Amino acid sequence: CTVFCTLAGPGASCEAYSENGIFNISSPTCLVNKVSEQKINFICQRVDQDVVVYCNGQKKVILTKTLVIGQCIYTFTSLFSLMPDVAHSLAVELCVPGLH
């Protein structure tokens, strides 16, 4: 099971994806509860706590810091949007604290 979230207002807009379908999913903080679909869209009203989603017998933790890094990539790509060949690559270079 794969979870990808983007920032939406005060919380997050998310989806859970498993190529072989999602058979069960729950969250202590996000509005999703299923006890078969391949993809489920859901939101989290707050990200003060990190996003926690149980899905297909697998606990998934998407840190709020990770969500801010993604929005940083989105923000600086739009900033460098007049340079469309290097905008995203330079945004990843500035926003990802890992490696260089």
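Numbers follow the displayed sequence, beginning with 1.
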property	result
Interresidue gap class [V35, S36; deposited sequence, unmodelled]	4 to 9
Selected stretch [higher average CA B-factor]: 25-33 or 66-74	25-33
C1, C-alpha B-factor rank within chain (lowest, middle or highest third)	highest
Among modelled residues of the same chain, the CA temperature factor third for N56	middle
Chain thirds of CA B-factor: placement of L79	highest
CA B-factor placement of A8, once the chain's modelled residues are sorted into thirds	lowest
Third of chain Cα B-factors occupied by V86	highest
